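Okay, here we've got a single chain as C-alpha cells, the form deposited in one PDB entry, with questions on binding and movement later.
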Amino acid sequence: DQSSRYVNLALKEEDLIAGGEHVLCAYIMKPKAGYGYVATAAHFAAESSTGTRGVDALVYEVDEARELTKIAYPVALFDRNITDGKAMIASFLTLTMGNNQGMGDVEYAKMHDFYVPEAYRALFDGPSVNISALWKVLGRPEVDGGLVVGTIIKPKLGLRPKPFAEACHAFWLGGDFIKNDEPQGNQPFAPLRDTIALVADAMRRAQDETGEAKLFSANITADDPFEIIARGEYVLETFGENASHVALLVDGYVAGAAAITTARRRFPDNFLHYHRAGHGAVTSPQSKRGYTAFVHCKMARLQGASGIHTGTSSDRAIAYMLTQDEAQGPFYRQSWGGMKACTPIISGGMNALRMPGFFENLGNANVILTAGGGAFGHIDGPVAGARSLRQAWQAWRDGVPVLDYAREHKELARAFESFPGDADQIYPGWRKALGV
C-alpha cells in the first residue's frame, strides 16, 4: 500500500551504511504470478514495518531479473530490553522474518544477508568466550592455538551410564573433545545425574593416564530456562576442579533464542556450544523461505554463541564472518568493532592425509573438529587415528613437510598405509620415504 512511500530507489547503499541508522537486509523474493515486483517489494517493506522513511522500512534496491530485494530498516524499529538496554534477536527476526513469511502476493522470500550498524551491533551480547578458553585449558597459545580434535558419542541414545563413560574415557586416550549427541540428556535408562558423575570420573582418569587436559560438551537443552540452569549448575559442580574443561551445549534451533540467552548470561565463563539440529527445514538450499546458513551463523555471533556447527557461497565465508573483525558477506561487508569471534565447529571427517589441504584453503586450523568415528579409521585403531590428526596439524603448523614428520611419528606414519590409496594421489613416494 505505498509503492512510493516504502520505496526509495535513489538511495545509495553506501549512504545508508555510512549513516549507521539502518539495518540492511538482502532477500531473494519472487512475487506471485501477476503482481508487480516493486509494488510487492513495497508491500513486503510496509508489512515488515508500519501497519497503516524515518520509521518506515525502505526498498532501496531491486533486481527484477535476479529476484533481488534489498530493504533498509530504521534501527528505531527494533525492540530492546527494559532491564538492561540490550538488543534481542527475537525482534530482529520478527521484523525481518516474521509474518512476512506468510504473505499472499509473495511466492517465497529468503534472507541471504544483513548488515547491522555500530549503534545496534553494540547493543548485542556477543560471545563471552570462544575456542581461546579451550586453548588455555589445553595448555595451547591463546592466539592461533590450532586444532581441537573431537567426536560425538554413538549410539545416539542407548548407552547406560557406565558404558557411556567408558566410551568417553576411551576416546580421550587419543582425542581432546567429546560432545553429547543431540538427544542425550535425562532418559530413564541413562539419568543425567548418574551419567554425568561417571563422565566426570572418566575425565579424571583420562587426564591422569594421559598427562593431557580433556574437554566435554554437555547437553543442557530444556524448555524451561530454570531446567537449563539446573542442568548447567549440576554439570559444573560435578566436574569440580574440571569445571573449566566443560562446554555447555544448547540446541538453539529446537529450543530457540531464549535457551541460547539463558546459557549465555548465566554461564558466561563456559564455552556455549550452539548446536544447529533440524534448522534444516529452513536453511536448506532446496528451501526458498526463511534464511540461509550464512545468516543463521552470523546471528549466532551476535547472540553470544562461543562456537557453532558450521560444516566441512562458502562455509569459508561463514568461517571468516564468524572469526574476523571485518568480513565480507554475500552482500554486505561487516565490521564487528571488537566483538569476540564465534568459533567454527566442523564435522564429518578427513583422514590425517587430507587434513592439511583443508587448513591451507581456510588459512588457519583454529577450529573444533567433531569427526565421525570414520575419520578416526586407522589400521592401529582410533587412538592412533585421533593422534594422526593432531600430528598432521602439528606438521602443518610447523611448516614441516608431512612425509618427514611421519618418519618420527608412528600414527601419522601408519596412517599413510591405512589409506595408501590416498597417499598415492597426494604424496607419491611415501612408501619410498618410509620403507614400507
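Residue positions are given as counts along the sequence shown, with the first one as 1. Between two forms, the rigid core is defined as the largest C-alpha subset superposing within 1.5 Å.
Keep in mind that the form deposited in another entry is not shown, yet the notes after this line are about it.
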* Asked: Which one of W396, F376, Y60, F44 is the only residue whose C-alpha moves by 2 Å or more between this form and the one not shown, after superposing on the core?
  -> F376
* **Per-residue C-alpha change between this form and the one not shown, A423, threshold 2 Å, rigid core fit** => yes
* in the other form, whether the C-alpha atoms of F359 and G374 sit closer or farther than here (change of 3 Å or more) -> closer
* Asked: Quick one: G373 and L192 C-alpha atoms, closer or farther in the other form compared with this form (3 angstroms or more)?
  -> farther
